[PDB]
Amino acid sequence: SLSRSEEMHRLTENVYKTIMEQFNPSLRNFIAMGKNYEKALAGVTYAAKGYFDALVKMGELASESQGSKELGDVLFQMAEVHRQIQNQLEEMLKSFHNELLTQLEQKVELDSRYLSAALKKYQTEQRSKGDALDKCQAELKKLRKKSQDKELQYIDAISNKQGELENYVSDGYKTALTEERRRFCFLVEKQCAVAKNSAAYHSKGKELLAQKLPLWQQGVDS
């Protein structure tokens, strides 16, 4: 390591600062934004029922009519398809709250605070092994300049501190990057987890309509 092992230290620092300065505040925004989105979804849930019952009611009247009885069956079936799709939506929504939103809230609420302490702790021991090396060198200097094997004790003590430091930094940086990568990953995963539940929503709708649509269409063209 040259005088560039300074960069590695400085980098560990920025990684921690950036998670606090940008990552968490933006994630919070993401959460709030997601919640707003969640709230609108729940809205569709309540309104869906009013519509459902109105379909059924048209269905009943048709089933009670003088000569449009067969159409009552079409209406009921349409209401039925709506009920099932509406249920797959609620499944997705529940998965939106329980696996993405609630999770992220919990993992972000105190995260900056701990990263702060984690960073401070890192710098502290980093500053410690540095001050210990300097003072150790400020001695190998007081000796070499005074001698104008006690020297062998330092040159070999310096190199040990130089090693124990170079591998404390490199070590911090590794952890740091894990810290950064892990937070994005977690986000992506849960997103996938809900996107997967989303798929089961569209697939059921596509499926359900595929079966019934041609029949409803024929009942009309009848």
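Numbering starts at 1 and follows the sequence shown.
- Of the two stretches examined, 2-10 and 212-220, the record assigns the greater average C-alpha temperature factor to 2-10.
- Checked against the record, the higher mean CA B factor of 158-166 and 59-67 lies with 158-166.
- As recorded in the PDB entry, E139 shows the highest C-alpha B-factor of the residues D111, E105, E99, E139.
- Ranking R83, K146, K94, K120 by Cα temperature factor from the entry places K146 first.
- When the CA B factors of the chain's modelled residues are split into thirds, the value for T45 lands in the middle one.
- Among the modelled residues of its chain, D53 has a C-alpha B-factor that falls in the lowest third, as given in the PDB entry.
- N87: CA B factor lies in the middle third for its chain, per the PDB record.
- Split the chain's modelled residues into thirds by C-alpha temperature factor. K196 is in the highest one.
- Among all modelled residues in this chain, the alpha-carbon of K174 has a temperature factor (C-alpha) in the highest third.
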